[PDB]
Amino acid sequence: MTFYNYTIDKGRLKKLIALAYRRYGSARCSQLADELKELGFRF
Amino acid sequence: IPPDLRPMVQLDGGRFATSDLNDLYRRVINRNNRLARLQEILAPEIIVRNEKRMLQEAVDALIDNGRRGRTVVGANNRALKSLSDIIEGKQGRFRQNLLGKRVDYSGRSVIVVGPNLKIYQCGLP
Amino acid sequence: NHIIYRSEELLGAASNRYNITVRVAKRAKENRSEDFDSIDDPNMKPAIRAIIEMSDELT
């Protein structure tokens, strides 16, 4: 898959969520946003 | 109108709580009976003419208060609610009781943050 | 977490998102009327079982 070797901000996270809502669906997209939520809270 | 749509209930304390439609119907009936009394006993035409004008102003205040002439007021100079006033505004029948209602099986509380809790899940007290 | 996956795959493969909801509600009413006896389980509601059975017939 794509590696994303750069610094992450809000617009790039929105791009990743909008890309995950193209080939996976609603529930996998919500699960990805949940994992990114807990990762951002932890760090 | 039916009497249960213009209710007259009693409060704890002995005072009765009335609706404004009863005063308007009472004015209409009072002026109608006085007009029949004046036409029965052959009153002069300046008295029967003022009684018909007053009945005319009484029917207009029951339908639409303050549309043509002076607004009929109540106890603290508050205008009486009429048959078009109970339906015509944002506090009327359409916007307060038909397009939006108060519902059963409902509640409310303040909200707090819910981390270590999934999406599609709410914490219900 | 499997029931939201089954709901997403049931909504995505339907011809109309508003007809499949009525069909799930009708099958859930049939599942509740056929299971009128008390021998059941709280973790399998009739609507959840209807979504499960319709996603299993969908494949």
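- Looking at the entry header, you'll see cryo-EM listed as the method and 2.96 Å as the resolution.

A closer look at the overall build of chain C
- Looking only at helices and strands, chain C has 3 helices and 0 strands in total.
- Counted from the first residue to the last, chain C has its helices and strands arranged as α-α-α.
- By principal-axis analysis of the C-alpha atoms, chain C measures approximately 35 × 25 × 15 Å.
- Here the analysis covers contacts within chain C between residues at least 6 apart in sequence; of these, 61% occur between residues at least 24 apart.

What to know about the overall build of chain A
- Check the secondary structure of chain A and you find 2 helices and 0 strands.
- Structurally, chain A occupies a C-alpha span of about 25 × 20 × 20 Å along its principal axes.
- Burial statistics for chain A: of 43 residues in total, 12% are counted as buried.
- Chain A carries 9 positive and 4 negative side-chain charges, and their two centres are separated by 9 Å.

Observations concerning the environment of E38(A)
Residue and element names in this part refer to chain A.
- Mapped onto the secondary structure, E38 falls in helix α2 (residues 27–42).
- The exposure class assigned to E38 is partly exposed, which follows from its relative accessible area of 40%.
- As for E38 and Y4, which are separated by 34 residues in sequence, their C-alpha atoms are 19 Å apart.

Things to note about the packing of helix α1 (residues 2–12) of chain C against helix α3 (residues 46–58) of chain C
Residue and element names in this part refer to chain C.
- Running from N to C, α1 and α3 point in directions that differ by 55°, and their axes come no closer than 9 Å. As summarised for this structure, α1 and α3 are arranged oblique, according to the angle between their axes. Once α1 is placed against α3, the crossing between them reads as left-handed. Residues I3, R6, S7, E9 and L10 of α1 form the contact with α3, whose participating residues are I48, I51, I52, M54, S55, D56 and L58.
- Among the residues forming the contact of α1 with α3, the class breakdown is 7 nonpolar, 2 polar and 3 charged.

Let's talk about the packing of aromatic side chains
Residues and elements named next belong to chain A.
- Using the criterion set out here, one finds 1 aromatic pair over all chains in the structure.
- With centroids separated by 6.1 Å and ring planes inclined at 70°, the aromatic side chains of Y4 and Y6 adopt a geometry described as edge-to-face.
- The class of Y6 is partly exposed, set by a relative accessible area of 40%.
- In this arrangement the basic side chain of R12 is found over the ring face of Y6, its NZ or CZ atom lying 4.4 Å from the centre.

Here we look at a nonpolar patch on the surface
Residues and elements named next belong to chain A.
- Among the surface-exposed residues, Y4, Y6, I8 and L13 lie close enough to one another that they form a single nonpolar patch of about 360 Å² accessible area.
- With respect to the helices and strands, the residue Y4 is situated in the segment before α1 (10–23).
- The partly exposed category is assigned to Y4, whose relative accessible area is 36%.

With respect to the environment of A18(A)
Residue and element names in this part refer to chain A.
- Structurally, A18 can be placed in helix α1.
- Of the residues examined, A18 reaches a relative accessible area of 35% and is grouped as partly exposed.
- Along the sequence, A18 and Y4 sit 14 residues apart, while their C-alpha atoms lie 15 Å from each other.

Structural notes on the interface of chain B and chain A
- Contact with chain B, which involves 4 residues of that partner, is made by 4 residues of chain A.
- Surface buried jointly by chain B and chain A totals about 240 Å² across both partners, of which 56% is contributed by carbon and sulfur atoms.
- At the boundary of chain B with chain A, the tally comes to 0 residue pairs in polar contact.
- When the residues that make up the side of chain B that touches chain A are grouped by side-chain class, the tally is 3 nonpolar, no polar and 1 charged.

Looking at α2(A)
- For α2(A), built from 16 residues, the straight-helix expectation of 22 Å at 1.5 Å per residue is met to within 8% by its first-to-last C-alpha distance of 23 Å.
- Residues of α2(A) that are buried: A27(A), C29(A) and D34(A). Each buried residue of α2(A) lies within a common arc of 155° when the element is viewed along its axis, so the set occupies one face.
- Contacts from the buried residues of α2(A) go to α1 of chain A together with α1 of chain C.

The rules we used
- Residues numbered from 1 in each chain as written, not as in the entry; some residues may be left out.
- Chains lettered and ligands numbered in written order.
- Part of a larger assembly, values for the part shown.
- Heavy atoms only, no water.
- Residues with missing side-chain atoms left out of burial classes, pairs and counts.
- Helix = DSSP H or I, 4+ residues; strand = E, 2+ residues; numbered from the N terminus.
- Contact = heavy atoms within 4.5 Å.
- Buried < 20%, exposed > 50% of the residue type's maximum accessible area, 1.4 Å probe, protein only.
- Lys, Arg positive; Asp, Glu negative; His and termini not counted.
- Charge placed at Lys NZ, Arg CZ, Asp CG, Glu CD.
- Axes fitted to C-alpha atoms, helices over the stretch in contact; angles between N-to-C directions.
- Parallel < 35°, antiparallel > 145°, perpendicular 65-115°, else oblique.
- Left-handed = near helix turned anticlockwise from the far one by under 90°.
- Nonpolar A, V, L, I, M, F, W, Y, C, P; charged D, E, K, R; others polar.
- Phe/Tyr/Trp six-rings, centres within 6.5 Å; stacked < 30°, edge-to-face > 60°.
- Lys NZ or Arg CZ within 6 Å of the ring centre and 35° of its normal.
- Patch = residues over 30% accessible without salt bridge, like charges linked within 9 Å, V, L, I, M, F, W, Y side chains within 5 Å.
- Areas by Shrake-Rupley, 256 points an atom, 1.4 Å probe, with all protein chains shown as cover.
- Salt bridge = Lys/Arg side-chain N within 4 Å of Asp/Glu carboxyl O.
- Buried area = accessible area lost by both parts, 1.4 Å probe.
- Polar contact = N/O pair within 3.5 Å; in protein donor to acceptor, adjacent residues only side chain to side chain.
- Expected span 1.5 Å × (residues − 1).
- Arc of directions from axis to C-beta.

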